[PDB]
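Only one structure is covered here, and it is reproduced in the block below.
Any read-out appearing in this document is the output of simple, stated calculations on the displayed coordinates, not a laboratory observation. Quick reminder, even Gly has a Cβ in these numbers, built from the backbone with ideal geometry, and neighbours come from all protein chains shown.
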Amino acid sequence: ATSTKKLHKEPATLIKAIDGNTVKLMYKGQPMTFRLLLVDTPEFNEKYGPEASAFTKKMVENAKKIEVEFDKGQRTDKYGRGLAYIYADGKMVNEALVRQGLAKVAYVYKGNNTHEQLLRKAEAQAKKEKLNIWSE
Ligand SMILES: Cc1cn([C@H]2C[C@H](OP(=O)(O)O)[C@@H](COP(=O)(O)O)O2)c(=O)[nH]c1=O
């Protein structure tokens, strides 16, 4: 039997937080806009939108260390954005948004679904707790 490589975390530097599910980072010396895998936040004009933007922003702006983890599948979306799990001092931004009820699990493609179960677990806790998007 042979294996493939285990996902891994690569460092990157904050350029700018964009919105609840998009951050721009300096990655190997070039800017790349990253779309968070497996999540969707409300838009900035919808309810909870500003809160989702602010959450992501604080998390990445406060971080000493930001890391990018690509999944096993597609690395870019149709609009050119990198698709990744983003970590701020070892805490996954994708997961923290879902746990807070500021993102739903969404855009789940089987090619790129490594942390699906971890996020669904977060979503189930946020729904039990009636947070934000689940409050009604
Ligand atoms: C998470 C994710 C989003 N996307 C695309 C689908 C959505 O475009 P379409 O609606 O044109 O299909 C877009 C949503 O981004 P935002 O939620 O940032 O607006 O991100 C991917 O293509 N793959 C993914 O894994």
Of the numbered conditions (1) at negative phi; (2) over 11 Å from the mean Cα position of the chain (by Cα); (3) surrounded by fewer than 16 Cβ atoms within 10 Å (Cβ to Cβ), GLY90 satisfies every one except a single condition; which is it? (1)
Could you grab me the full set of residues in region 13-40 that are surrounded by 15 or more Cβ atoms within 10 Å (Cβ to Cβ) and either farther than 23 Å from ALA103 by Cα or near the ligand (Cβ under 9 Å from one of its atoms) (or both)? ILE18, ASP19, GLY20, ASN21, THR22, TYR27, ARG35, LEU36, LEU37, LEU38, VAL39, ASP40
Report, ordered by the first and then the second residue, all pairs with beta carbons closer than 8 Å, sequence separation of six or more or different chains, a first member in region 81-93 that is more than 14 Å from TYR107 (Cα to Cα), and a second member that is among the aliphatic types (A, V, I, L, M) and in a loop (DSSP other than H, G, I, E, B). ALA88/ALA63; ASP89/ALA63
Need pairs with beta-carbon distance below 8 Å; first residue without any contact (Cβ under 8 Å) to a residue 12 or more places away in the chain and within region 69-80, second surrounded by fewer than 13 Cβ atoms within 10 Å (Cβ to Cβ) and of a type in the set (S, T, N, Q); sequence gap 6+ or separate chains. none
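Do we have any residue at all in region 76-92 that's hydrophobic (A, V, I, L, M, F, W, C), within 15 Å of the ligand (Cβ to nearest atom) and in contact with a helix residue (DSSP H, G or I) (Cβ under 7 Å, 6 or more places away or on another chain)? Even if it seems obvious, please write down each step before you answer.
Taking region 76-92 as the starting set, the residues that turn out to be hydrophobic (A, V, I, L, M, F, W, C) are 83-84, 86, 88, 92.
Checking the rest, the ones that are also within 15 Å of the ligand (Cβ to nearest atom) come to 83-84, 86, 92.
After this cut, where a residue has to be in contact with a helix residue (DSSP H, G or I) (Cβ under 7 Å, 6 or more places away or on another chain) as well, the list is 83, 86.
Yes, region 76-92 contains at least one residue that is hydrophobic (A, V, I, L, M, F, W, C), within 15 Å of the ligand (Cβ to nearest atom) and in contact with a helix residue (DSSP H, G or I) (Cβ under 7 Å, 6 or more places away or on another chain).
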Of all residues in region 5-59, count the ones that are under 25 Å from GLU136 (Cα atoms), polar (S, T, N, Q) and in contact with a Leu (Cβ under 8 Å, 6 or more places away or on another chain). 3
Note: among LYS47, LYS57, just one is over 25 Å from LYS6 (Cβ atoms) and over 13 Å from the mean Cα position of the chain (by Cα), namely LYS47
Pull up region 41-74, narrow it to residues that are within 10 Å of the ligand (Cβ to nearest atom) and crowded, with 18+ Cβ neighbours inside 10 Å, then point me to the one that is nearest to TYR85 (Cα to Cα). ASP71
